[PDB]
Amino acid sequence: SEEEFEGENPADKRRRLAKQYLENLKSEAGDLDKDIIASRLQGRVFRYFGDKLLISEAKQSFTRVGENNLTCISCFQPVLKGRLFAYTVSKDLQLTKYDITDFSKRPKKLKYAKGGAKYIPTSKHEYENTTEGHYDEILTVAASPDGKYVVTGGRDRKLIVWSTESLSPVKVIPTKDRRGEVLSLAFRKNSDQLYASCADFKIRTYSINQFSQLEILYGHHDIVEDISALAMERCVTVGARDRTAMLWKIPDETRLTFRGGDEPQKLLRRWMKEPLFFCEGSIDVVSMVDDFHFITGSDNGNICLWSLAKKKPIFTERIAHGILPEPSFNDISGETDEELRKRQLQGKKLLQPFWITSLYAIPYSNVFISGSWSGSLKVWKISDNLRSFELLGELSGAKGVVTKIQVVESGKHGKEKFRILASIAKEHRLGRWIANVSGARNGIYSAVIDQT
Amino acid sequence: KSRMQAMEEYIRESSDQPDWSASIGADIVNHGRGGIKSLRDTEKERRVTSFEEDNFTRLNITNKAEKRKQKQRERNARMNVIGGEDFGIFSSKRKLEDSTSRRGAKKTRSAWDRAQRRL
Amino acid sequence: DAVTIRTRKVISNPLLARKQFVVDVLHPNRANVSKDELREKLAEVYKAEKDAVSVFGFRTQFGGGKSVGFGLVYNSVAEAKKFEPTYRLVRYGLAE
Amino acid sequence: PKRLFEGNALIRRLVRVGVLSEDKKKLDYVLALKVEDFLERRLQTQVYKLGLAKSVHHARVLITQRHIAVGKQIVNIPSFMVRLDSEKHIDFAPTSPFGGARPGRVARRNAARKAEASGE
RNA sequence: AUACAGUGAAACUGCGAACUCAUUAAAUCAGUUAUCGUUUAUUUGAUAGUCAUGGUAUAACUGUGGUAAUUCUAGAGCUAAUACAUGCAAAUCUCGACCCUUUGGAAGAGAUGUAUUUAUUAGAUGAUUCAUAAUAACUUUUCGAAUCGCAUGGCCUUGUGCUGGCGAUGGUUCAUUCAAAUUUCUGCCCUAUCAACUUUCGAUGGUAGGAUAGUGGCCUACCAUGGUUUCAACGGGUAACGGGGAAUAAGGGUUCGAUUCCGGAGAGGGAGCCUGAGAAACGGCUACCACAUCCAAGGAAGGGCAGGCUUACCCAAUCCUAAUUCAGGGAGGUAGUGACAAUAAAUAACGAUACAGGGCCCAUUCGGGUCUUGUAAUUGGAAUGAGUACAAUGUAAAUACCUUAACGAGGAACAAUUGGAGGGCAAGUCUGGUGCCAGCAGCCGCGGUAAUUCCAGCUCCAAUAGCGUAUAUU
RNA sequence: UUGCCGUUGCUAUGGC
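Student: Requested: an account of the overall build of chain C, with residues and values cited.
Tutor: A count of helices and strands for chain C gives 3 helices and 4 strands. Reading the secondary structure of chain C in the N-to-C direction produces β-β-α-β-β-α-α. Computed over C-alpha atoms, the radius of gyration of chain C comes to 13 Å, within 12% of the 12 Å expected from 2.2 N^0.38 for 96 residues, which places it in the range of a compact globule. For chain C, the C-alpha atoms occupy an extent of roughly 40 × 30 × 20 Å along the three principal directions.

Structural data, given as structure tokens:
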């Protein structure tokens, strides 16, 4: 054995011995019964419309909003009086309700609720934090699929459930932790169940109709920025600097962990065998294409397509939105000599890419939209073999930081009309790190796309 | 019988398939006294829960089997398992080459068999 | 404060005419849930009577918060009488 | 093969326990491991290092009085070994008065006595 | 309920009732056959034509009595059966001349249970004297429903005629299933300080018989003579509490667990017998032998196991046995007394103030080194485990576990031990002296026991729910 | 369509 295979490297010996081990176990090692039991008792992508879409002829309507820094937008669409609604939460502690039903017209504001400094609790003892309003900034909002409730959460460490008709709070739920700020909310589709991702490394599940908390899941090394969930009782969360994506089975309290593990030296070697490679700092946004595939955007611009069966990403589109502009040469140094200023620019090293601030995948479909503060949303199509995606179109209507993207449908099965609403803000919803982006207004950006 | 855990660990590296880890706090035997549940303990507990959920009965602890389990498995978990990872695997005297050897059919004894394998 | 009930593996047995399901009872800030109130809740969910509903075998998780058990819902009260064992009938008070 | 597979296995599980660093993946570094490397993984030491307590004795008192919860469950054993995945999730229990709960019996008796004195 | 009709004691009937002590190496056991060489309670599938209803004999039950007395008894009186005993020519076919008239109607000629024993005669299987069909007989010779509950059936003949459906329990033979008995080959230690064994319960065959459920020297007559082997027949030892991949394993102990078969005999000891589908019965009976018990001294009945140097709850689960869903199971499950080997904690954690000027390390001494240390000082709120205890869960029921409100610390008296080292004290005691010393020591002094607040409870060290001693030993 | 301001329509988008 060893004499026959003496030429092998140590890793080659490990591989062949693993192969022989697996063969030995397969050599050494009721279904109808299970079938007839299951008779007494997960979906792929079914809608393919990437190629049918026309994007350049689609309208672009950007509606200004008086609120500062619109953090999030959540759209309610009825499921077969047929009205389609939206709810926008800002850093000005304001939740605004809009009707988006008429695709031709601009969205129409119905009412608004604004929290203020009067909602600061006097006790501050972490379970007396049951005030009706928000006293700190609201990061995220979700609209219940049945349509009676809208849920707001933010840095005030509480979830407020509001009735949609009166826009008044029917419930306030403290997170009961000093450290946990609710970053993202995701309703299970066609369900009352809500999954909240908090900054205390937790995912809290609530049943909204009973206003109860089912259980809490503990998984991340860093804060859990974004959570996305389809119809079945499971969810996908992303943490920022642990650089992992986690698929949680809610009833079984188990998780699949996905790690990127990209090496810029390896990419440079691959290109030399065949540019700027930025190593990945944090994963921010996640979306579910179907029950087997999900897509994540990072801060180095990478959009990654992940399957449940593979730990590594299937596909990675690097620097998807672009590279930030070079800093001003007269600003960087402050010396009289322009050649010294150009040297202090230090060439290509100070270039940094755009962060994917928002990313939405239309469920069970090949179209997904990525948004950053480059001044253009991007529409991508997943190929039919589901290994890669390409860029269909670019929507240049919106200018500014794209915090949240939602898509709604109103049409016949032969001909569907899609409205894309992005809550454009001057700043990132988490912090004020991004500076002086040019020509950015707080508002709602709507693109209406009709298939051929 | 021929399954060995160092082999299983290397296979879990070389798969590329995610491995369904549990949550952080659910692994702890009661309040940290027993410790973190080992992977074999979690698999056996999953099998028992599936069995109970299928037959709609929860197993009462048989005296002899329960005494044997509490005498052996708990003592082995305290002695070897350290924070959910067992280290008596290295003190054990079992041999990896007995499992990793071909040992039977397709052992490649013939020179023409080796030539056919090369081809 | 309201308890939450999740039903899994619901199987209909027409020979017994029962509905057999594993019950996950999730109870934050509560010790445990009484079987009578739980029979009320499952009765209202499955639109059968409490006398038709039967539960047993509840095991409470370490740290509380989740009790897992087994539940049988019948279609008729008299049929629940003639199929249910005498000891669970005594527990439920339905029969002497 | 015994050296290959069991050395890789031993190094990986020592890393997951946390006594051995990620960049220290060698058998001679496994040999250079010492007792204090394991003793720093104790929950008493970890609570002190993370700073929930002002000393190791305060940390032991907090653990035995059940304020510290590692992950979901309250751990009340100071000799609980803490892994890499758990050391971030060590925190105060929700039931504990220190994190997000009602004050204990001492504070409640003192508040009730002060209220009775105010009423008197 | 003008036969009984509900529920049913007793009784009859039916079914089931198949621990101890000894150690064998072709014996046992394990497989593997065979039964064209056998037996069947049950299950399952088949199977039977060859009086509108017979006669008793008793129990339970009445009563009269005998005995010291037994589940002991005698006399008289009662009535039941799925108990016991008894017991019933027509119809179906073949050959149908002829008739019409083809299907058809018919002169006529003929045939016709089962079992037992034997003789004789003609479809399966590789194979039969087997299945089956006959013929003449034979039998202390059988079997071929005198039974039961749910329905009140359909005709017209309203006769109260005909016969009407679902089921019980029977019964014949064959098959099946469950077993069992024999049988076949294949396999297990050491040894020649064990070479002849068998006719020394016939040894190897043949014929006939007896016997058995049946083959067979299994037995008996008669007759031949054989059968086994230094390649070890045969014999001895085997710690043979052994071995069997018998057995689930060892889900990372170096070969280890757990389960199953041990093989036989007995149920005060020899012997004979009986009931059943199945026993040479853990049942009963007789005689014999030995114990031993009650008695009114006439008689009567009986058969140990655990302990030292034994209980309670229950058929809920698992499964089995009955006329049977239901009953029952010291099978089986559950619980209790039972540190011992050994476990994871706790016995406090943070502060604040005041006061003091010394604290510690090394070194034979001489000395040297060092620097926020000492205090039986005061004081503040916070935390919670042991516990006390409400519930639900849990289970046949309960305990326990899981969860769990309400209480739960300053002497934290919610009162940790075990060992080691070193002082010091008196109007005190003893001993030796070259004044005033030295030694041994000292719970004992002089008053005082509500009497006295005293080296403040003398200081320091180590292990800690553990910690010493003695002896042996590396 | 905007908290405010400015421009363009009388609707489009520049500034804070």
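Student: Any details on the interface of chain A and chain D? Residues and values, ideally.
Tutor: With 15 residues of chain A at the contact, the number on the chain D side is 16 residues. Take the side of chain A that touches chain D: its biggest share by element is 4 residues, from helix α1 (residues 10-28) of chain A.

Student: Would you mind going over the UniProt feature "repeat: WD" in chain A in detail, with residue names and values included?
Tutor: All names here are of chain A. The UniProt record annotates "repeat: WD" at residues 133-172, 177-216, 219-258, 278-316, 352-390 and 397-443. Between the end C-alpha atoms of residues 177-216 there is a gap of 13 Å, over a span that is 0% helix and 57% strand. End C-alpha atoms of residues 278-316 are separated by 13 Å, and the span's content is 0% helix alongside 49% strand.

Student: Which residues make up a negative patch on the surface, and what values go with them?
Tutor: All names here are of chain A. On the surface, a cluster of negative charge is made up of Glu335, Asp337, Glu338 and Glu339. Counting through the fold element by element, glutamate 338 comes out in helix α5 (residues 338-344). The partly exposed category is assigned to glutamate 338, whose relative accessible area is 41%.

Student: Describe the nonpolar core, listing the residues and the values that go with them.
Tutor: Core analysis: the largest hydrophobic core is formed by 22 residues, its most contacted members being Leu377(A), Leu395(A), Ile405(A), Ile420(A) and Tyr445(A). Those elements that place two or more of their residues in this core are β23 (367-371), β24 (377-382), β26 (401-409), β27 (417-425) and β28 (443-450) of chain A. Take this core: its biggest share by element is 4 residues, from β27(A). Ignoring anything within four residues of it in the chain, the contact list for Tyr445(A) reads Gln60(A), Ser61(A), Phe62(A), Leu377(A), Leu395(A), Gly397(A), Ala398(A), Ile420(A), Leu421(A), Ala422(A) and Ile424(A). Counting residues in hydrophobic clusters, the runner-up holds 16 residues, among them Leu52(D), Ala59(D), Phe80(D) and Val82(D).

Student: Could you give an account of the environment of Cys75(A), with specific residues and numbers?
Tutor: Residue and element names in this part refer to chain A. Mapped onto the fold, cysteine 75 is located in strand β2 (residues 70-76). Given a relative accessible area of 16%, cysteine 75 falls into the buried group. Sequence-wise, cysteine 75 and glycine 43 are 32 residues apart; in three dimensions their C-alpha atoms are separated by 23 Å. Ignoring any residue separated from it by four or fewer positions in sequence, one finds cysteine 75 in contact with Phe85, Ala86, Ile100, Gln406, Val408 and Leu421.

Student: I'd like a rundown of the interface of chain D and chain B, residues and numbers included.
Tutor: Every contact between the two is made by 27 residues of chain D and, on the other side, 25 residues of chain B. Across the chain D to chain B interface the summed buried area is about 2500 Å²; carbon plus sulfur atoms make up 61%. At the junction of chain D and chain B, the tally comes to 7 salt bridges. Linking chain D with chain B are 12 residue pairs in polar contact. Mapped by element, the contributors of at least two residues to the side of chain D that touches chain B are α1 (2-17), β2 (73-74) and α6 (84-87) of chain D. A per-element tally of the side of chain D that touches chain B places α1(D) first, with 11 residues. For the side of chain D that touches chain B, a count of residues per class yields 12 nonpolar, 6 polar and 9 charged.

Student: Go over the packing of aromatic side chains with me, naming the residues and quoting the values.
Tutor: What characterises a pair of aromatic rings is the spacing of the ring centres plus the angle enclosed by the ring planes. Residue and element names in this part refer to chain A. What the rule picks out here adds up to 18 aromatic pairs over all chains. Pairing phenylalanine 258 with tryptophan 306 gives two aromatic rings, centres 6.0 Å apart and planes at 70 degrees, and the pair type is edge-to-face. The exposure classification of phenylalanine 258 matches that of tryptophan 306, with both residues buried. Seen from their ring centres, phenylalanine 368 and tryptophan 380 are 6.2 Å apart, and the 5 degrees between their planes marks the pair as stacked. Remark: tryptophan 380 occurs in strand β24 and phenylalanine 368 occurs in strand β23; sequence separation between them is 12 residues. With respect to class, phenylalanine 368 is no different from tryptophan 380; both count as buried. A connected cluster of aromatic rings, assembled from ring pairs, spans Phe315, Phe368, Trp380 and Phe389. Geometry around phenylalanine 201 places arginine 179 over its ring, the cationic atom sitting 5.2 Å from the centre.

Student: Tell me what's going on with the protein's contact with RNA strand E, and back it up with residues and numbers.
Tutor: Inspection of the region around RNA strand E gives 52 residues, with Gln5(B), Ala31(C), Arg91(C), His58(D) and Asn110(D) positioned closest. The protein-proximal atoms of RNA strand E, defined as those within 4 Å of the protein, are 70% sugar or phosphate. The separation between a base nitrogen of RNA strand E and a polar side-chain atom of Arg33(B) is 3.5 Å. Split into classes, the residues belonging to the surface near RNA strand E amount to 19 nonpolar, 20 polar and 13 charged.

Student: Describe the side chain of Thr296(A), with residues and values.
Tutor: Residue and element names in this part refer to chain A. Relative to the elements of secondary structure, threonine 296 occurs in strand β19 (residues 293-298). Side chain to side chain, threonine 296 and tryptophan 306 meet in a polar contact 2.6 Å long. If we skip the residues at most four places from it in the chain, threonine 296 touches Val238, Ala245, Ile283, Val285, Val286, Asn302, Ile303, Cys304, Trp306 and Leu359.

Student: Tell me about the pairing of strand β22 (residues 358-361) of chain A, residues and numbers included.
Tutor: Residue and element names in this part refer to chain A. Residues of β22 alternate between two faces, with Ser358 and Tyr360 on one and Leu359 and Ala361 on the opposite face, all of them buried. In this sheet, β23 lies alongside β22 in antiparallel orientation, the contact comprising 4 bridges. Counterpart to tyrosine 360 in the pairing with β23 is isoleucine 369. Here β22 folds back onto β23 in antiparallel fashion, the turn holding 5 residues, of which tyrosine 364 has a positive phi close to 55 degrees.

Calculation rules
Residues numbered from 1 in each chain as written, not as in the entry; some residues may be left out. Chains lettered and ligands numbered in written order. Part of a larger assembly, values for the part shown. Heavy atoms only, no water. Residues with missing side-chain atoms left out of burial classes, pairs and counts. Helix = DSSP H or I, 4+ residues; strand = E, 2+ residues; numbered from the N terminus. Rg over C-alpha atoms; globule rule 2.2 N^0.38 Å. Contact = heavy atoms within 4.5 Å. UniProt positions renumbered as here; feature names shortened; annotations may be inferred. Patch = residues over 30% accessible without salt bridge, like charges linked within 9 Å, V, L, I, M, F, W, Y side chains within 5 Å. Areas by Shrake-Rupley, 256 points an atom, 1.4 Å probe, with all protein chains shown as cover. Salt bridge = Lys/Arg side-chain N within 4 Å of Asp/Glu carboxyl O. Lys, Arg positive; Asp, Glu negative; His and termini not counted. Charge placed at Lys NZ, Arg CZ, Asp CG, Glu CD. Buried < 20%, exposed > 50% of the residue type's maximum accessible area, 1.4 Å probe, protein only. Core = buried A, V, L, I, M, F, W, Y, C linked by side-chain atoms within 4.5 Å. Buried area = accessible area lost by both parts, 1.4 Å probe. Polar contact = N/O pair within 3.5 Å; in protein donor to acceptor, adjacent residues only side chain to side chain. Nonpolar A, V, L, I, M, F, W, Y, C, P; charged D, E, K, R; others polar. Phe/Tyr/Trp six-rings, centres within 6.5 Å; stacked < 30°, edge-to-face > 60°. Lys NZ or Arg CZ within 6 Å of the ring centre and 35° of its normal. Near = heavy atom within 4 Å. Pairing = 2+ DSSP bridges.

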